[PDB]
Structure formats: structure tokens, C-alpha cells
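A.B. asks: My questions will all concern the structure given below.
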Amino acid sequence: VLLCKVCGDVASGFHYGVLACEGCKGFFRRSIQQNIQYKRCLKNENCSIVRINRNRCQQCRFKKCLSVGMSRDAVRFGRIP
Amino acid sequence: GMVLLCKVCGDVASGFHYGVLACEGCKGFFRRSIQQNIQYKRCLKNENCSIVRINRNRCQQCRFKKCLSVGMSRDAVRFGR
DNA sequence: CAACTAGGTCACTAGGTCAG
DNA sequence: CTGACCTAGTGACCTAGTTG
Ligand SMILES: [Zn+2]
Ligand SMILES: [Zn+2]
Ligand SMILES: [Zn+2]
Ligand SMILES: [Zn+2]
């Protein structure tokens with residue numbers, strides 16, 4: 001049913017204010033718990049991301065996350081209303 | 001003067017819990033803190049932390065301080081009208 | 001009795017692991 | 001570095017019990 005609004009994979013829950021997979025989620029937290037910048041992207045930084053190529057572009061995977069809406073200020077603990 | 005506010009995180013108030021207008025969240029969070037030996041792991045950003053809807057869950061320490069600081073207490077319960 | 005609230009549950013999910 | 005799996009919490013919903 002519901003699939004990750006980042007790489008299209010099956011969503012594991014409502015994470016960071018967005019319906020995402022365990023992969024993007026984990027990667028996402030990992031990304032902000034360290035403002036550390038991933039290397040730049042070789043191909044005009046518009047690397048379309050999918051279940052298959054997500055791990056290819058870190059700097060775009062990350063932006064995508066930001067782009068879709070994933071934040072610390074968007075966490076919805078609890079039960080689905 | 002409707003839609004009273006949880007006097008801790010400003011979130012909406014579901015009622016008058018433990019002596020003060022609170023939200024299910026902070027409400028549950030309180031009876032949970034006292035009804036246990038629960039001793040939260042020390043604060044990180046200079047015991048002060050702002051508590052609001054978005055961040056309330058980040059520093060457990062301050063949150064509890066905040067509750068106690070607004071009046072929440074087991075002895076001030078009002079089952080009235 | 002009717003407008004309320006403690007308490008209890010249990011559906012959800014950050015965060016932390018650690019084996020590929 | 002990534003992502004499957006757990007666990008300690010979080011808070012939306014209910015209901016037993018308490019007042020006016
Ligand atoms: Zn994903
Ligand atoms: Zn890119
Ligand atoms: Zn609150
Ligand atoms: Zn704090």
C-alpha cells in the first residue's frame with residue numbers, strides 16, 4: 001500500500017513528518033545528527049531517486065528528503081488519529 | 001475565550017489535568033514520570049530548554065521541570081465541574 | 001444525572017543495533 | 001554505509017469514578 005515519498009519503496013511508517021521507508025528514515029536521521037556534508041554529485045544534481053538508485057546520490061538523496069518535507073519539527077509520535 | 005491551551009507545550013488542552021490545563025501528551029507524560037522511579041538522563045543544552053509542540057519530546061528533563069513549574073502535582077487534582 | 005477527569009491501553013514511531 | 005528489527009517511550013481514545 002503506502003510507499004515512501006522519497007525512493008518509492010514500501011513505507012514503514014510516518015517518519016520525520018513524511019511516509020518513508022526504513023532506509024530513507026535511517027539515512028535521514030544519520031544525515032542530520034551530523035551536519036557533515038556528503039560529497040558533491042557528478043551529474044547536474046537532479047539525480048532522480050528510486051528504490052534502485054537511491055544509494056547512488058547521497059547529496060541528492062538527502063536534498064530529496066528535505067524537499068519532500070522530512071523534519072525534526074514534524075515528528076508525530078503516537079497513534080494515527 | 002475558547003480552545004484553552006496545554007500550559008506546558010502550548011498544544012491544545014484536552015482538559016484540566018493534575019491541577020492545570022494540559023494536553024493528553026503532557027498529561028500522560030506526567031502521571032508517567034511520578035508514578036515511577038523514572039529519573040531522566042541529564043539535560044544537554046543548559047537546563048533551561050524551551051518546550052513547545054514541536055520539540056517537547058526532545059529534552060525529557062526540562063519537560064518534567066516545566067510541568068512541575070506550572071503546577072502539575074498529584075495533590076492538586078480536581079474531579080469537579 | 002450530566003459535564004469531567006485519573007488511569008489504563010495499545011496503536012505508532014525515534015533511536016539504537018549490527019549483520020550483511 | 002545501509003537498512004531490518006527491537007525496545008523504550010509517546011499520546012489518541014475509553015471508561016470507571018468522582019463531584020455539583
Ligand atoms: Zn524510501
Ligand atoms: Zn544529484
Ligand atoms: Zn502539552
Ligand atoms: Zn533540556
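In the C-alpha cells, chains take letters A, B, ... by order of appearance, with residues numbered from 1 within each chain and ligands from 1 in the order shown.
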Within 9 Å of residue 8 of chain A, counting only C-alpha atoms (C1' of nucleotides), which residues show up once you throw out same-chain ones fewer than 4 positions away? Write them as a short mmCIF file (atom, residue, chain, number, x, y, z; two decimals) with N, CA and C atoms, in the first residue's frame, please.

C.D. replies:
```
data_model
loop_
_atom_site.label_atom_id
_atom_site.label_comp_id
_atom_site.auth_asym_id
_atom_site.auth_seq_id
_atom_site.Cartn_x
_atom_site.Cartn_y
_atom_site.Cartn_z
N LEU A 3 3.61 3.89 0.01
CA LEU A 3 5.03 3.78 -0.31
C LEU A 3 5.83 5.08 -0.07
N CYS A 4 7.08 4.92 0.37
CA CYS A 4 7.99 6.04 0.66
C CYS A 4 8.04 7.18 -0.35
N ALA A 20 7.76 7.27 4.91
CA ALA A 20 9.03 6.77 4.36
C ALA A 20 9.44 5.34 4.72
N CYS A 21 10.48 4.86 4.04
CA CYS A 21 10.99 3.51 4.23
C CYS A 21 12.01 3.48 5.36
N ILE A 49 15.70 9.79 -7.82
CA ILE A 49 15.88 8.68 -6.86
C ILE A 49 14.76 7.64 -6.83
N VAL A 50 15.14 6.37 -6.79
CA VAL A 50 14.18 5.26 -6.72
C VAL A 50 14.73 4.10 -5.90
N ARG A 51 13.87 3.16 -5.55
CA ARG A 51 14.31 2.02 -4.76
C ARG A 51 15.64 1.47 -5.25
#
```

A.B. asks: Identify all chain B residues at most 9 Å from chain A by counting only C-alpha atoms; ligands do not count. Present them as a JSON list (two decimals) with N, CA and C atoms, in the first residue's frame.

C.D. replies:
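What follows is the written file selection_23.json:
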```json
[["chain", "number", "residue", "atom", "x", "y", "z"],
["B", 53, "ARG", "N", 5.04, 22.55, 21.18],
["B", 53, "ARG", "CA", 4.55, 21.39, 20.47],
["B", 53, "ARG", "C", 5.64, 20.59, 19.75],
["B", 54, "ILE", "N", 6.40, 21.25, 18.88],
["B", 54, "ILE", "CA", 7.44, 20.59, 18.09],
["B", 54, "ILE", "C", 8.63, 19.93, 18.73],
["B", 55, "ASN", "N", 9.10, 20.49, 19.83],
["B", 55, "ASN", "CA", 10.27, 19.95, 20.47],
["B", 55, "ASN", "C", 10.06, 19.28, 21.83],
["B", 57, "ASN", "N", 9.30, 16.67, 23.07],
["B", 57, "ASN", "CA", 9.84, 15.33, 23.26],
["B", 57, "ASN", "C", 11.35, 15.21, 23.25]]
```

A.B. asks: Kindly work out which residues sit at most 12 Å from ligand 4, using only C-alpha atoms (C1' of nucleotides) and all ligand atoms, and give the list as a PyMOL selection string.

C.D. replies: chain B and resi 40-51+55-66

A.B. asks: Out of B:15, B:80, B:4, B:52, which residue has the shortest atom-to-atom distance to chain D when counting only C-alpha atoms (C1' of nucleotides)?

C.D. replies: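 Of all the options, B:80 lies closest to chain D.
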
A.B. asks: Could the residues of chain A that have an atom at most 8 Å from ligand 2 be listed as JSON lines, each with its closest atom pair and the distance in Å to one decimal, counting only C-alpha atoms and all ligand atoms and ordered by chain and ascending residue number?

C.D. replies:
```
{"residue": "A:40", "atom": "CA", "partner": "ligand 2", "partner_atom_place_in_ligand_line": "1 (Zn)", "distance": 7.6}
{"residue": "A:41", "atom": "CA", "partner": "ligand 2", "partner_atom_place_in_ligand_line": "1 (Zn)", "distance": 4.8}
{"residue": "A:42", "atom": "CA", "partner": "ligand 2", "partner_atom_place_in_ligand_line": "1 (Zn)", "distance": 7.1}
{"residue": "A:43", "atom": "CA", "partner": "ligand 2", "partner_atom_place_in_ligand_line": "1 (Zn)", "distance": 6.1}
{"residue": "A:44", "atom": "CA", "partner": "ligand 2", "partner_atom_place_in_ligand_line": "1 (Zn)", "distance": 6.3}
{"residue": "A:45", "atom": "CA", "partner": "ligand 2", "partner_atom_place_in_ligand_line": "1 (Zn)", "distance": 3.0}
{"residue": "A:46", "atom": "CA", "partner": "ligand 2", "partner_atom_place_in_ligand_line": "1 (Zn)", "distance": 4.6}
{"residue": "A:47", "atom": "CA", "partner": "ligand 2", "partner_atom_place_in_ligand_line": "1 (Zn)", "distance": 4.1}
{"residue": "A:48", "atom": "CA", "partner": "ligand 2", "partner_atom_place_in_ligand_line": "1 (Zn)", "distance": 7.6}
{"residue": "A:57", "atom": "CA", "partner": "ligand 2", "partner_atom_place_in_ligand_line": "1 (Zn)", "distance": 5.5}
{"residue": "A:58", "atom": "CA", "partner": "ligand 2", "partner_atom_place_in_ligand_line": "1 (Zn)", "distance": 7.5}
{"residue": "A:59", "atom": "CA", "partner": "ligand 2", "partner_atom_place_in_ligand_line": "1 (Zn)", "distance": 6.0}
{"residue": "A:60", "atom": "CA", "partner": "ligand 2", "partner_atom_place_in_ligand_line": "1 (Zn)", "distance": 4.2}
{"residue": "A:61", "atom": "CA", "partner": "ligand 2", "partner_atom_place_in_ligand_line": "1 (Zn)", "distance": 7.4}
```

A.B. asks: Print the selection's residues with N, CA and C atoms to a file, as an mmCIF file, in the first residue's frame.

C.D. replies:
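Here's the written file out_27.cif:
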```
data_model
loop_
_atom_site.group_PDB
_atom_site.id
_atom_site.type_symbol
_atom_site.label_atom_id
_atom_site.label_comp_id
_atom_site.auth_asym_id
_atom_site.auth_seq_id
_atom_site.Cartn_x
_atom_site.Cartn_y
_atom_site.Cartn_z
ATOM 1 N N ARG A 40 29.924 15.935 -3.395
ATOM 2 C CA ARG A 40 29.022 16.533 -4.378
ATOM 3 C C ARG A 40 28.587 15.495 -5.416
ATOM 4 N N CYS A 41 27.629 15.868 -6.262
ATOM 5 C CA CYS A 41 27.139 14.961 -7.296
ATOM 6 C C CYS A 41 27.661 15.302 -8.691
ATOM 7 N N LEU A 42 28.200 14.279 -9.350
ATOM 8 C CA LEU A 42 28.770 14.397 -10.684
ATOM 9 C C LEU A 42 27.782 14.744 -11.814
ATOM 10 N N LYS A 43 26.541 14.258 -11.738
ATOM 11 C CA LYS A 43 25.558 14.517 -12.805
ATOM 12 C C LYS A 43 24.465 15.574 -12.544
ATOM 13 N N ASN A 44 24.796 16.838 -12.826
ATOM 14 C CA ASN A 44 23.905 18.003 -12.672
ATOM 15 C C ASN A 44 22.907 18.022 -11.496
ATOM 16 N N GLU A 45 23.275 17.352 -10.398
ATOM 17 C CA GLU A 45 22.490 17.256 -9.157
ATOM 18 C C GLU A 45 20.961 17.257 -9.240
ATOM 19 N N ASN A 46 20.403 16.387 -10.076
ATOM 20 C CA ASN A 46 18.955 16.268 -10.214
ATOM 21 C C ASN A 46 18.736 14.779 -10.384
ATOM 22 N N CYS A 47 19.617 14.017 -9.739
ATOM 23 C CA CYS A 47 19.611 12.550 -9.769
ATOM 24 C C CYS A 47 18.293 11.919 -9.321
ATOM 25 N N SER A 48 17.362 11.689 -10.242
ATOM 26 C CA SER A 48 16.078 11.076 -9.881
ATOM 27 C C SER A 48 16.334 9.844 -8.991
ATOM 28 N N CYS A 57 23.180 8.618 -5.185
ATOM 29 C CA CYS A 57 23.409 10.018 -4.871
ATOM 30 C C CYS A 57 23.030 10.368 -3.429
ATOM 31 N N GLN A 58 24.042 10.578 -2.587
ATOM 32 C CA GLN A 58 23.812 10.928 -1.189
ATOM 33 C C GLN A 58 23.357 12.378 -1.096
ATOM 34 N N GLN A 59 24.095 13.264 -1.757
ATOM 35 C CA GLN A 59 23.768 14.689 -1.725
ATOM 36 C C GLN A 59 22.392 15.024 -2.323
ATOM 37 N N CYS A 60 21.866 14.132 -3.156
ATOM 38 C CA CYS A 60 20.557 14.373 -3.747
ATOM 39 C C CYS A 60 19.523 13.560 -3.007
ATOM 40 N N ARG A 61 19.952 12.425 -2.468
ATOM 41 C CA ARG A 61 19.033 11.618 -1.697
ATOM 42 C C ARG A 61 18.665 12.575 -0.575
#
```

A.B. asks: With a distance threshold of 12 Å and counting only C-alpha atoms (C1' of nucleotides), extract the residues of chain A near chain C and express them as a PyMOL selection string.

C.D. replies: chain A and resi 12-20+22+25-26+28-30+33+72+74-81

A.B. asks: Output the neighbourhood of ligand 3 as a short mmCIF file (atom, residue, chain, number, x, y, z; two decimals) with C-alpha atoms, in the first residue's frame, that is, all protein and nucleic acid residues with some atom at most 8 Å from the ligand, counting only C-alpha atoms (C1' of nucleotides) and all ligand atoms.

C.D. replies:
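Contents of result18.cif, freshly written:
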```cif
data_model
loop_
_atom_site.label_atom_id
_atom_site.label_comp_id
_atom_site.auth_asym_id
_atom_site.auth_seq_id
_atom_site.Cartn_x
_atom_site.Cartn_y
_atom_site.Cartn_z
CA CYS B 6 -1.80 22.98 27.38
CA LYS B 7 0.13 25.20 29.77
CA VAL B 8 3.38 23.34 29.03
CA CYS B 9 3.85 22.95 25.23
CA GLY B 10 1.02 25.27 24.24
CA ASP B 11 -0.52 22.35 22.34
CA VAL B 12 -4.29 22.07 22.60
CA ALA B 13 -5.72 21.22 26.02
CA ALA B 22 -2.90 20.26 29.85
CA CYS B 23 -2.67 18.11 26.72
CA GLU B 24 -3.14 14.33 26.61
CA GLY B 25 0.55 14.22 25.76
CA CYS B 26 1.95 16.19 28.66
CA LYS B 27 -0.91 14.77 30.76
CA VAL B 52 6.59 23.69 22.67
CA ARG B 53 4.55 21.39 20.47
CA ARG B 56 8.59 18.91 23.74
#
```

A.B. asks: If the cut-off is 8 Å, can you tell me the residues of chain D near chain B, counting only C-alpha atoms (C1' of nucleotides)? I'd like them as a VMD selection string.

C.D. replies: chain D and resid 10 to 12 18 to 20

A.B. asks: As an MDAnalysis selection string, list the residues of segment 10-60 of chain B assigned to alpha helix (DSSP H) by DSSP on the backbone atoms of this structure.

C.D. replies: chainID B and resid 24:34 60

A.B. asks: For atom CA of residue 72 of chain B and atom CA of residue 30 of chain B, quote the distance in Å rounded to one decimal.

C.D. replies: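 Separation of atom CA of residue 72 of chain B and atom CA of residue 30 of chain B: 7.9 Å.
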
A.B. asks: Select, as a list in words, those residues of chain D with any atom no more than 12 Å from chain A (distances computed using only C-alpha atoms (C1' of nucleotides)).

C.D. replies: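 Per the criterion, chain D yields residues 1, 2, 3, 4, 5, 9, 10, 11, 12 and 13 of chain D.
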
A.B. asks: Take atom CA of residue 69 of chain B and atom CA of residue 3 of chain B and report the distance between them in Å, one decimal.

C.D. replies: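 So the answer is 22.2 Å.
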
A.B. asks: If you run DSSP on the backbone here, which positions in chain A get strand (DSSP E or B)? Please write them as a PyMOL selection string.

C.D. replies: chain A and resi 3+10+13-15+18-20

A.B. asks: Point out the residue among A:2, A:66, A:54, A:38 with the least atom-to-atom distance to ligand 1, counting only C-alpha atoms and all ligand atoms.

C.D. replies: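 Using only C-alpha atoms and all ligand atoms, the shortest distance to ligand 1 belongs to A:54.
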